Structure formats: structure tokens, C-alpha cells
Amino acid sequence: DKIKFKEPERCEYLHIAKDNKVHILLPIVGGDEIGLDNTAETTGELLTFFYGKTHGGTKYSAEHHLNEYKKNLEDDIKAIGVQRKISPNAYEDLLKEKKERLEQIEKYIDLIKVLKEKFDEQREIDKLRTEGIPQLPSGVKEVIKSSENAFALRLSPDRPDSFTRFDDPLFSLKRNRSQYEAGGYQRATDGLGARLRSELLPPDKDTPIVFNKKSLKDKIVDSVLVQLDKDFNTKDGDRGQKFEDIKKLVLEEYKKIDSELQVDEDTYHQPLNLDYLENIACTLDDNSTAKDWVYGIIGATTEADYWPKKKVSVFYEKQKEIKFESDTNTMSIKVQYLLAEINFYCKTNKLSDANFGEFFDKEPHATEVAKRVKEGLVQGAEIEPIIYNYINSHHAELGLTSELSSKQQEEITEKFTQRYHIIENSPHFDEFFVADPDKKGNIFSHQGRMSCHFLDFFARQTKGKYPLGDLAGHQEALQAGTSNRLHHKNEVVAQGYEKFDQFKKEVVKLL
């Protein structure tokens, strides 16, 4: 008989190695690759971990879970024992394997008590429950400080919350003064956030910033006009000539877009020039501007129906425009969060130790970026490449030895999108804890928690003092290991009794 075992296949905070090592994982914050908790709410998982439900209810503490996990093992070993009376060699390994787990689960329990009883003199743990807005324990902070695969990123929202809790942000921008700081809310006059505001902040309630005010030809026409001088005319000197100069410039632009296009003939094949349009087509005259000249040329030289005949970046999302102040803030955060992701990629891929945000706060760059994002928005340009291009133009100031391949950029835009979506409803955008679990690092994803090894924290929180004993191998053990995404079920315990029933019920599905 297959005993009904009580050892759970899932337990809070409990991974098990291929090799039957139990790892307890101390939760820093909810999430997979990007933290779902920030600012004042940051220490909530730690609070839960260490004291369960002493505030609010419906979530148990680690000691509690382990202490029931312990009991379940105690009960299974009896039942196996009881079975071995009738069938001497029954459950031979499973019995060894469970005693093994038990021993470690007991040692983790000890360590947690020890931490609370003999090492909380400062009260870093205890404050998780007393204080209103707890700090991360220094141990956790020191883990995060040293991480190679996880970084805090800090933004500049329009109404910042000063109660940020991630101390060493890889990326950071100059912020406004919070309502919760001495002197109260105050917008900064300088810094990327300030310029994004001023540049994407529409002039009034009646007149927004709309996202496609450029026909392809509108774009072309602009392209041609910038070429001419500050002082250029339609009515001075040799006019036929000027029109020739401008045909040229039009012609130029026709090539970038399309091969079939030509400027010698009107749709009718007749010689096109200033006499021709001023006299025969009669589309131009004395009071035409040079702008008119261009359109005229375009108009003469192309059918109209074959201009409209010439995937969705996170910046255009059912929004056709920026109407409200809220709309402008959002957009700005989006630009920032992108800069942030770029920096995380560059850092985690060993491209660059820099704080990018520190550079985009600076006098020329802050302003250009803002203006350039605004411009792209009115054209309908992909915004992402604008930012990638700027970084690539400046990459040495930004601590990079070279530019970012199209490949690299495609990847960045990818995560940027995944993650942004994931956080887009956060009540606060002040800061985010980001981790890449496909890399060598002290931070892990498990059960939707971004997590330190309990013992990594224990080492640091005790500064070496109390000794790990049998558990002293475990941290480095989980580190060898193909990933940092830890399966949410312990396959070694479950053992695939469940897979056998996943099956039995598909054979019921046939009748």
C-alpha cells in the first residue's frame, strides 16, 4: 500500500536541491524579475516571514510553516515505520530521504530563533513589526549591495514618496521634494524629470499633444525646409533657379523613401518647373511660400491616393495624445523607466558600471532627450530607438566601450515591455527592485518572491558570529546550479505520484 503521506510538495520559503538539500529563502519582496512591493510597503514580506500575522491576518511565518513541515515528516516516518513491520524493506530511501530533510528543517528552525533571541540587539528584525515604516535589515541591505544580478532602480515621479527603501540604486534621477519631507512638495527646476514635464506638458486644457500630426509628406516637407537658409525666399533673385534647387532637395528625399518616384514630370509627363506650376497647373504664384513650392512639387509629381498607402511600443497604448497632466506624468515615467532598463542591461551584462540617470540629468542631454521624445511622439516614431540612439551617440560618457547592436536593443525593449506591463498599476513609481534570474547572483526567484538565501542573510546579520554547522555548505550549494529560477514545487518530495494521477484521469476522459 502507498501510504497517504503528509509531507507537502509545496511549503512557503522551502526549495530542495536535486541532492536533497533544503534551502530556506528569505523574501525581499514579491515578484519574479521586478519587485511588486516598494517604498513604505517594502518590508511586508520580511514582516510576514519573521512574525506571520501579528498585523492583519491570513499569512503564516516561516517558523510556523517549518514547524508543521517538521511535524508532517515526523508523522510520515512513523507510518513508514508501521508499514515496515508488515513489509521489512518498504520505503527504504524515502525513509532515509525524509529523515535527512527533517534534520535540516530542525537546524533552520534553530537559526531563526537564534537570530531573534541573540542577535536582534539593534532590533532590526523586531522593528519589522513595531515601526510604521520599517527599514530593510542591514543584512538584507548588505546582500543587495553585493548582488551581481539584482539592482534597485529609482525614478523621479511628479509627486515623489520620500519613503524609498532601496538604498543603493544602480540608476537614479534627481527627484522632487516629497510632501512627506521638511518643506513639502516642490518640483525641481532642473533634471531630466523637470524637462520631460515641461516638454510633454501641454499648454492648456483646450489644446493637447496629438500623436500623428505628420503625414509621410508632412515629414518630407519639413525635411526639405530645414535645408534652406535662415533668410531664403520665393520672390528675390532668379526664381526658376531656386525652384530647381528645391526640386533637387525634394528629389533627394524621394530616394530615401522610394525608387519609382520622380520629379521631371507631373502625373501627365509634361515638363515641371516654376513657369509650369505658376502658369499651367496654376497651383503656385507670387504669394506662395517655399513650403508651398514643396507641396506643389509633391502635388504635381504624385497621385494623392498613394501617400496614405505608406508591434506597438509601450508609449502608444490606445492613447492618441497627451491631454491631462496625469497623461504627461505617465509618459515621463515611461521614458525614465526605459533609461533605467537600459542601465540594468548594460550593468548586468558587464558593459558598464555607470549610473546612466546621473548623465541624463545633465544640462544638454536632459533637454534634448525631452524634446526628442516629444518630437517622436507627434510623428508616431518608435520612441525606444530615439533613446537607444542618444545612448549610442554618447556611449563613452556613459562608461561603455561601444554601442549596442540591434540585437541588444531588441532585447532591452523586450524586458522593458514585459516588466513595465508588470508594474504599470503600481500605486508608486518611486523605485523598483529588478533581478535577472538567468545570471550568477545572490538573488533568486521562487514562489513569486525575490529572495536571499536565509543563510546568506544569517551570515551577514550575525557578522559571522554564530556557526552554521551542517548547513554551512548550503548557500554555496544552491549557487552551483543551472539557474536562479527555483521551481515552485519540490520535485524530490512530490516524487511524481501526482503525474500518475494526471494520467489516470485522462484515461477517464476517453469514456
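One rule holds for the numbers: they count along the sequence shown, beginning at 1.
Colleague: As recorded in the PDB entry, how many deposited residues are without coordinates between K310 and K311: none, 1 to 3, 4 to 9, or 10 or more?
Modeller: In the deposited sequence, 4 to 9 residues between these two have no coordinates.
Colleague: Taking only the CA atoms, which stretch has the higher mean B-factor in the record, 196 to 204 or 227 to 235?
Modeller: The stretch with the larger mean CA B-factor is 227 to 235.
Colleague: Take the C-alpha B-factors listed in the entry for 427 to 435 and for 408 to 416, compute each mean, and give the stretch with the larger one.
Modeller: Here the higher of the two C-alpha B-factor means belongs to 408 to 416.
Colleague: Highest Cα temperature factor in the entry, among the options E9, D19, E498, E12: which one is it?
Modeller: Each of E9, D19, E498, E12 was compared by C-alpha B-factor; the highest is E498.
Colleague: Of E103, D110, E124, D305, which one's C-alpha B factor is largest in the deposited record?
Modeller: Among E103, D110, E124, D305, the PDB entry lists the largest C-alpha B-factor for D305.
Colleague: Using the temperature factors of the C-alpha atoms in this entry, rank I422 within its chain: lowest, middle or highest third.
Modeller: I422: CA B-factor falls in the lowest third of its chain.
Colleague: Among the modelled residues of this chain, does the Cα B factor of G56 put it in the lowest, middle or highest third?
Modeller: Its C-alpha B-factor, which the entry lists for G56, ranks in the highest third among residues of this chain.
Colleague: If you rank every modelled residue in this chain by C-alpha B factor, which third holds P157: lowest, middle or highest?
Modeller: It falls in the bottom third of the chain.
Colleague: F344: which third of its chain by C-alpha temperature factor?
Modeller: CA B-factor rank for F344: lowest third.
Colleague: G184: which third of its chain by C-alpha temperature factor?
Modeller: As the PDB entry reports it, the C-alpha B-factor of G184 lands in the lowest third of its chain.
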